[PDB]
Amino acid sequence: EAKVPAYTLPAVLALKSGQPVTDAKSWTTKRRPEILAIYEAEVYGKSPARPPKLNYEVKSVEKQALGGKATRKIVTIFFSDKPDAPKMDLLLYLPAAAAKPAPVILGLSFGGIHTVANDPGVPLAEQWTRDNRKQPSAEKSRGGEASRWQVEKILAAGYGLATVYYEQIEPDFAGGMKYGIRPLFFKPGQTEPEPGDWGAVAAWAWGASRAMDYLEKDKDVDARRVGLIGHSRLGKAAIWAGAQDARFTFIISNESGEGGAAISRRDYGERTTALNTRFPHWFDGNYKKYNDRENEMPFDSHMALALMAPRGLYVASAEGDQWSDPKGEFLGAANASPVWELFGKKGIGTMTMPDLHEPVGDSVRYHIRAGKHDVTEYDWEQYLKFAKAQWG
């Protein structure tokens, strides 16, 4: 950490011109649109507009699911009317006893909807494998991601869990674009994304907002109390989804790294390069000019995160976060927090990184936990306290 470079962050509360942002009105009307546009063009890419009509079908509604704890729904959301188009299966669990429409936490899932809980009545999903092949999952994989979703805790807290498998939006390997939604929006004869067009992180975020499109039509769901959670690369998606979509009352970005919550200036552009090399589909084409600081970024993570203000933001890390940079994720959150004060909200409340298992902050929160890159019970215990603070 004595070997981390020094840097001066671009100022989140100054306009590009240099003029200061003096109040919430000026953020809303001037600076936030400026920051959103920067990220749209230089990082995530421009996405299509919200579809006027959502084409979807409620395939399945089962009460008493999960040993009676939950009403389960499975909702198919079509990204095109054409058959064998890309489509999305949304898994919803609502508390069996729900007396009114329930708050819902929406998540992007690394696995199929059968991995989210131990639920025999959920069809085995097709998944994309280590070899970039798509094939039906084995039954042994049911519930493999359950510890990452803690559905029983969520329902116990009085909330619902909605999940989508991200690779139905776009499969996560270089070349999987043809199998996803991005091609559906090309222009007459276009065959490749323009350099400022969305990449995969943005497509995943875009699909989360179509999930939100359904949840607002569901009459068992409190459309005014939905949040969004993403782990790792899907925490990047969740940051941009929340930026794009004011219906998410909060987002949770679990260990989201570079192009997510982590300050990029804590190295010399080598992470940016490794991401753009290994995962050329994640960000847009313009983003590759920031490789190894060939160009200086007129932005850094605190600005992307401030796109949530005044809504809730939870950033979290793990001691061994992979090679990810927990301090850089804390600093992203901490440097975003002043925007919340413009709105009369409290942010992180400190500029010093807390100790393990010591969460900080109010409308912007942070914790770091011991363990490896994952989502654990401990994370969820805090997320649900956060959700209550946001929702009461």
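Note that residue numbering begins at 1 and tracks the sequence as displayed.
- The question of which stretch, 265 to 273 or 206 to 214, has the higher mean Cα B factor is settled in favour of 265 to 273.
- The mean C-alpha temperature factor is higher for 125 to 133 when 125 to 133 and 299 to 307 are set side by side.
- Going by the entry's values, 97 shows the largest Cα B-factor out of 161, 90, 97, 239.
- Set against one another, the Cα B-factors of 354, 48, 344, 326 in the record reach their highest point at 344.
- Placement of the Cα temperature factor of residue 56 within the chain: highest third of the modelled residues, per the deposited record.
- Among the modelled residues of the chain, residue 76 sits in the middle third by CA temperature factor in this PDB entry.
- Compared with the other modelled residues of the chain, the Cα B-factor recorded for residue 358 ranks in the highest third.
- Ranked by Cα temperature factor within the chain, residue 195 sits in the highest third according to the deposited record.
- Compared with the other modelled residues of the chain, the Cα B-factor recorded for residue 28 ranks in the lowest third.
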